[PDB]
$ cat final_16.pdb   # PDB, C-alpha atoms
ATOM      1  CA  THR A   1       3.929  11.655  13.576  1.00  0.00           C
ATOM      2  CA  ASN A   2       6.044  14.825  13.388  1.00  0.00           C
ATOM      3  CA  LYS A   3       3.559  17.065  15.186  1.00  0.00           C
ATOM      4  CA  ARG A   4       6.472  18.700  16.915  1.00  0.00           C
ATOM      5  CA  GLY A   5       7.007  20.571  13.652  1.00  0.00           C
ATOM      6  CA  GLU A   6       5.363  23.866  12.775  1.00  0.00           C
ATOM      7  CA  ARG A   7       2.306  22.503  14.601  1.00  0.00           C
ATOM      8  CA  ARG A   8      -1.404  22.940  13.821  1.00  0.00           C
ATOM      9  CA  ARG A   9      -1.130  24.485  10.362  1.00  0.00           C
ATOM     10  CA  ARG A  10       1.902  23.300   8.427  1.00  0.00           C
ATOM     11  CA  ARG A  11       2.515  24.106   4.830  1.00  0.00           C
ATOM     12  CA  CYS A  12       3.126  21.508   2.200  1.00  0.00           C
ATOM     13  CA  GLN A  13       3.372  21.777  -1.564  1.00  0.00           C
ATOM     14  CA  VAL A  14       1.165  19.713  -3.708  1.00  0.00           C
ATOM     15  CA  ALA A  15       1.845  17.991  -6.913  1.00  0.00           C
ATOM     16  CA  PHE A  16      -0.238  17.629  -9.736  1.00  0.00           C
ATOM     17  CA  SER A  17      -3.899  16.969  -9.030  1.00  0.00           C
ATOM     18  CA  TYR A  18      -5.492  16.546  -5.705  1.00  0.00           C
ATOM     19  CA  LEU A  19      -8.974  15.904  -7.099  1.00  0.00           C
ATOM     20  CA  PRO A  20     -10.443  14.310  -3.933  1.00  0.00           C
ATOM     21  CA  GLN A  21     -13.491  16.179  -3.095  1.00  0.00           C
ATOM     22  CA  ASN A  22     -16.456  14.208  -2.007  1.00  0.00           C
ATOM     23  CA  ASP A  23     -18.000  16.296   0.743  1.00  0.00           C
ATOM     24  CA  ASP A  24     -15.783  19.311   1.159  1.00  0.00           C
ATOM     25  CA  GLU A  25     -12.128  18.717   0.470  1.00  0.00           C
ATOM     26  CA  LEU A  26      -9.503  20.750  -1.219  1.00  0.00           C
ATOM     27  CA  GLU A  27      -8.374  20.504  -4.769  1.00  0.00           C
ATOM     28  CA  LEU A  28      -4.792  21.067  -5.507  1.00  0.00           C
ATOM     29  CA  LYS A  29      -4.804  21.641  -9.242  1.00  0.00           C
ATOM     30  CA  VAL A  30      -1.208  21.402 -10.512  1.00  0.00           C
ATOM     31  CA  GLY A  31       1.001  22.556  -7.704  1.00  0.00           C
ATOM     32  CA  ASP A  32      -0.551  24.272  -4.818  1.00  0.00           C
ATOM     33  CA  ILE A  33       0.772  25.087  -1.431  1.00  0.00           C
ATOM     34  CA  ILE A  34      -1.146  23.872   1.486  1.00  0.00           C
ATOM     35  CA  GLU A  35      -0.822  24.446   5.104  1.00  0.00           C
ATOM     36  CA  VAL A  36      -2.691  21.705   6.553  1.00  0.00           C
ATOM     37  CA  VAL A  37      -2.210  20.004   9.757  1.00  0.00           C
ATOM     38  CA  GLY A  38       1.034  18.659   8.786  1.00  0.00           C
ATOM     39  CA  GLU A  39       2.262  15.328  10.004  1.00  0.00           C
ATOM     40  CA  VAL A  40      -0.643  14.960  12.354  1.00  0.00           C
ATOM     41  CA  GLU A  41      -1.953  12.353   9.982  1.00  0.00           C
ATOM     42  CA  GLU A  42       1.447  10.778  10.004  1.00  0.00           C
ATOM     43  CA  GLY A  43       2.181  10.454   6.337  1.00  0.00           C
ATOM     44  CA  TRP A  44      -1.066  12.251   5.797  1.00  0.00           C
ATOM     45  CA  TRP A  45      -2.062  15.819   6.147  1.00  0.00           C
ATOM     46  CA  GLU A  46      -5.177  17.827   6.473  1.00  0.00           C
ATOM     47  CA  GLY A  47      -5.427  21.357   5.467  1.00  0.00           C
ATOM     48  CA  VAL A  48      -6.470  24.245   3.452  1.00  0.00           C
ATOM     49  CA  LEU A  49      -5.726  25.345  -0.014  1.00  0.00           C
ATOM     50  CA  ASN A  50      -6.465  28.897  -1.034  1.00  0.00           C
ATOM     51  CA  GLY A  51      -9.199  28.783   1.503  1.00  0.00           C
ATOM     52  CA  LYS A  52     -10.435  25.435   0.374  1.00  0.00           C
ATOM     53  CA  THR A  53      -9.994  23.068   3.250  1.00  0.00           C
ATOM     54  CA  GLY A  54      -9.521  19.333   3.115  1.00  0.00           C
ATOM     55  CA  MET A  55      -7.017  16.614   3.834  1.00  0.00           C
ATOM     56  CA  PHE A  56      -4.852  14.425   1.734  1.00  0.00           C
ATOM     57  CA  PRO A  57      -2.760  11.323   2.042  1.00  0.00           C
ATOM     58  CA  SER A  58       0.085  13.474   0.738  1.00  0.00           C
ATOM     59  CA  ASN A  59      -0.583  11.609  -2.422  1.00  0.00           C
ATOM     60  CA  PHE A  60      -0.329  14.376  -4.904  1.00  0.00           C
ATOM     61  CA  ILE A  61       1.149  16.564  -2.200  1.00  0.00           C
ATOM     62  CA  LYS A  62       4.647  16.230  -0.938  1.00  0.00           C
ATOM     63  CA  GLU A  63       6.644  18.606   1.201  1.00  0.00           C
ATOM     64  CA  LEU A  64       6.355  19.486   4.762  1.00  0.00           C
ATOM     65  CA  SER A  65       6.747  17.949   8.166  1.00  0.00           C
ATOM     66  CA  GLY A  66       8.652  19.903  10.837  1.00  0.00           C
ATOM     67  CA  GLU A  67      11.520  21.856   9.348  1.00  0.00           C
ATOM     68  CA  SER A  68      14.876  23.145  10.481  1.00  0.00           C
ATOM     69  CA  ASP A  69      16.507  20.232   8.698  1.00  0.00           C
ATOM     70  CA  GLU A  70      14.242  17.981  10.643  1.00  0.00           C
ATOM     71  CA  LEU A  71      12.057  17.264   7.670  1.00  0.00           C
ATOM     72  CA  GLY A  72      12.995  13.749   8.205  1.00  0.00           C
ATOM     73  CA  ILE A  73      16.621  14.696   7.955  1.00  0.00           C
ATOM     74  CA  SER A  74      17.832  14.668  11.553  1.00  0.00           C
ATOM     75  CA  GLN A  75      15.408  12.875  13.855  1.00  0.00           C
TER
END
$ encode --input "final_16.pdb" --output "structure tokens"
Amino acid sequence: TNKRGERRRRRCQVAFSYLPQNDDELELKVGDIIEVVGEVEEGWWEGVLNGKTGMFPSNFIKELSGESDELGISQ
């Protein structure tokens, strides 16, 4: 639950296909950068991609979560 990070909108990079749209989610096609909610979904994020908003279980998307070598590095 690294909400202490960049807060609100935090940017993560997505891997290959976040396909997950049922109602109104984002699709991260091969390698998109998101700025979602960050760690607010602890291990999961919620955010927007190129204006397409959604949320993922960081499944296809790995990156972010409070930087300054605190991306899980020194906690």
$ resolve_selection --input "final_16.pdb" --expression "the PyMOL selection byres ((chain A and resi 50-57) around 12)" --output "ChimeraX atom specification"
/A:9,11-15,17-29,31-49,58-63
$ atom_distance --input "final_16.pdb" --atom1 "CA of residue 70 (chain A)" --atom2 "CA of residue 16 (chain A)"
25.0 Å
$ resolve_selection --input "final_16.pdb" --expression "the PyMOL selection byres ((chain A and resi 67) around 10)" --output "MDAnalysis selection string"
chainID A and resid 2 4:6 10 64:66 68:74
$ axis_aligned_box --input "final_16.pdb" --around "region 6-11 of chain A" --padding-each-side "6 Å" --output "JSON"
{"center_x": 2.0, "center_y": 23.5, "center_z": 9.7, "size_x": 18.8, "size_y": 14.0, "size_z": 21.8}
$ decode --input "final_16.pdb" --residues "region 17-45 of chain A" --atoms "N, CA, C and O atoms" --output "short mmCIF file (atom, residue, chain, number, x, y, z; two decimals), in the first residue's frame"
data_model
loop_
_atom_site.label_atom_id
_atom_site.label_comp_id
_atom_site.auth_asym_id
_atom_site.auth_seq_id
_atom_site.Cartn_x
_atom_site.Cartn_y
_atom_site.Cartn_z
N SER A 17 -0.53 -7.18 -23.14
CA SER A 17 -1.89 -6.83 -23.46
C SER A 17 -2.80 -6.72 -22.27
O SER A 17 -3.26 -7.73 -21.75
N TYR A 18 -3.11 -5.53 -21.84
CA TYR A 18 -4.19 -5.39 -20.92
C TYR A 18 -5.44 -5.19 -21.77
O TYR A 18 -5.75 -4.11 -22.25
N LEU A 19 -6.10 -6.30 -21.93
CA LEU A 19 -7.36 -6.51 -22.70
C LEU A 19 -8.73 -6.27 -21.99
O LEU A 19 -9.78 -6.51 -22.60
N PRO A 20 -8.76 -5.78 -20.76
CA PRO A 20 -9.72 -6.16 -19.69
C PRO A 20 -11.02 -5.46 -19.69
O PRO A 20 -11.68 -5.40 -18.65
N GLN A 21 -11.41 -4.93 -20.78
CA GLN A 21 -12.49 -4.00 -20.73
C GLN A 21 -13.80 -4.72 -20.76
O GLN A 21 -14.12 -5.45 -21.70
N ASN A 22 -14.56 -4.53 -19.71
CA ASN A 22 -15.92 -4.98 -19.66
C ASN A 22 -16.91 -3.84 -19.72
O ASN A 22 -17.84 -3.85 -20.52
N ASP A 23 -16.70 -2.84 -18.87
CA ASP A 23 -17.61 -1.70 -18.82
C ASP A 23 -17.01 -0.42 -19.35
O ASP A 23 -17.69 0.36 -20.01
N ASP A 24 -15.73 -0.25 -19.10
CA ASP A 24 -15.03 0.99 -19.35
C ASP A 24 -13.66 0.96 -18.68
O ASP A 24 -13.40 1.71 -17.74
N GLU A 25 -12.82 0.08 -19.16
CA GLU A 25 -11.47 -0.04 -18.65
C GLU A 25 -10.51 0.34 -19.75
O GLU A 25 -10.92 0.70 -20.85
N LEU A 26 -9.24 0.34 -19.43
CA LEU A 26 -8.24 0.70 -20.34
C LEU A 26 -7.63 -0.54 -20.96
O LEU A 26 -7.64 -1.62 -20.37
N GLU A 27 -7.11 -0.36 -22.13
CA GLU A 27 -6.45 -1.40 -22.86
C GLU A 27 -5.06 -0.97 -23.16
O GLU A 27 -4.82 0.00 -23.87
N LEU A 28 -4.17 -1.72 -22.65
CA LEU A 28 -2.76 -1.46 -22.78
C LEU A 28 -2.17 -2.48 -23.77
O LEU A 28 -1.97 -3.64 -23.43
N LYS A 29 -1.93 -2.02 -24.99
CA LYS A 29 -1.89 -2.91 -26.16
C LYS A 29 -0.63 -3.76 -26.30
O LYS A 29 -0.74 -4.96 -26.57
N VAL A 30 0.57 -3.15 -26.25
CA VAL A 30 1.79 -3.93 -26.13
C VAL A 30 2.73 -3.45 -25.02
O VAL A 30 3.60 -4.20 -24.55
N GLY A 31 2.51 -2.25 -24.55
CA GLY A 31 3.54 -1.59 -23.77
C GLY A 31 3.29 -0.12 -23.65
O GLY A 31 3.95 0.73 -24.25
N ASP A 32 2.30 0.13 -22.88
CA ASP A 32 1.75 1.44 -22.64
C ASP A 32 2.25 2.00 -21.33
O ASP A 32 2.71 1.25 -20.47
N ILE A 33 2.24 3.29 -21.17
CA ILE A 33 2.46 3.83 -19.87
C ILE A 33 1.18 4.43 -19.33
O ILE A 33 0.45 5.15 -20.01
N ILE A 34 0.95 4.09 -18.10
CA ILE A 34 -0.21 4.39 -17.37
C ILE A 34 0.23 5.31 -16.30
O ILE A 34 1.40 5.39 -15.99
N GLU A 35 -0.70 5.98 -15.79
CA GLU A 35 -0.55 6.74 -14.57
C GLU A 35 -1.82 6.56 -13.83
O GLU A 35 -2.81 7.23 -14.13
N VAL A 36 -1.87 5.61 -12.92
CA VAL A 36 -3.13 5.24 -12.53
C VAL A 36 -3.55 5.85 -11.22
O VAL A 36 -3.72 7.06 -11.10
N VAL A 37 -3.39 5.07 -10.24
CA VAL A 37 -3.64 5.43 -8.91
C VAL A 37 -2.45 5.04 -8.10
O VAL A 37 -2.25 5.42 -6.95
N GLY A 38 -1.65 4.30 -8.79
CA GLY A 38 -0.55 3.63 -8.18
C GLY A 38 -0.99 2.59 -7.20
O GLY A 38 -2.07 2.01 -7.30
N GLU A 39 -0.15 2.42 -6.23
CA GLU A 39 -0.21 1.36 -5.21
C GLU A 39 -1.46 1.35 -4.37
O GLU A 39 -1.55 0.61 -3.39
N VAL A 40 -2.37 2.21 -4.68
CA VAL A 40 -3.56 2.39 -3.86
C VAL A 40 -4.35 1.10 -3.80
O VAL A 40 -5.06 0.81 -2.84
N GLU A 41 -4.16 0.30 -4.83
CA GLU A 41 -4.79 -1.00 -4.91
C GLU A 41 -3.83 -2.10 -4.54
O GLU A 41 -3.95 -3.22 -4.98
N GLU A 42 -2.97 -1.74 -3.62
CA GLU A 42 -1.80 -2.49 -3.20
C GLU A 42 -1.55 -3.78 -3.98
O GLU A 42 -2.11 -4.84 -3.70
N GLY A 43 -0.65 -3.66 -4.94
CA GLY A 43 -0.39 -4.70 -5.89
C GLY A 43 -1.22 -4.53 -7.13
O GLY A 43 -1.03 -5.21 -8.14
N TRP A 44 -2.14 -3.59 -7.03
CA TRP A 44 -3.08 -3.30 -8.09
C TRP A 44 -3.13 -1.81 -8.26
O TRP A 44 -2.85 -1.07 -7.32
N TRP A 45 -3.46 -1.39 -9.46
CA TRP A 45 -3.48 -0.03 -9.81
C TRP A 45 -4.71 0.25 -10.62
O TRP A 45 -5.33 -0.63 -11.17
#
